[PDB]
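Take a look at this single chain, the form deposited in one PDB entry, given in C-alpha cells.
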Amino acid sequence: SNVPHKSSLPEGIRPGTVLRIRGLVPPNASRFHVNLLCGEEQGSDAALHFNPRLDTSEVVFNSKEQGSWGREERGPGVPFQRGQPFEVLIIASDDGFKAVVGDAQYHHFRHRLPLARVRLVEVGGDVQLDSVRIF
C-alpha cells in the first residue's frame, strides 16, 4: 500500500503549517500513527505522536523528549472506523497543534517541544495512505 511514509521538512515548520492526511483504515487495522520527529535517527524526539488505536478504541497524543515519552493525552472518543476512509488536518498554531478529523475540531495538543525542532513527518502502522500534503 502506502508503507511507512516519510516527508522531510528541512526548514522545519512554523505557525500556520497545515498537514493534511487522507487514507483508509483497513478492515483489520489495530492502530496507526503520525509522528512529527526532530531528526532521522531512530528513536528520535517527537514534537507530536498522534496514535489512533482501533484495537482499544482510543486516540492518544504524546511527545518523546530525550528518549523518554511524556504523559499521554486522550481525545474524545474514536472518530475512525475500520473499513472507512478519513481526512485529518493537523494544524500548527502558536500555542499548539489542532487536530481536525472528519471536518470537526477534535483535540488541541499544547506544544511540549519547540516547533522549530521538527524535521520530518512519518506515517505508519495499519493504514493505507491516499496522500500526505503539507501547506
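For every residue, the number given is its place in the sequence shown, counted from 1.
The protein also exists as the form solved in complex with a small molecule; that form is not presented, and the subsequent description refers to it.
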#### Entry: Which of 87-95, 72-80, 102-110, 22-30 lines the interface with the small molecule in the entry with it bound (heavy atom within 4.5 Å)
72-80
### Task
Decide whether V60 counts as a contact residue for the small molecule in the entry with it bound under a heavy atom distance cut-off of 4.5 Å.
yes
### Message
Considering non-hydrogen atoms and a 4.5 Å limit, does the small molecule approach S44 in the entry with it bound?
### Response
no
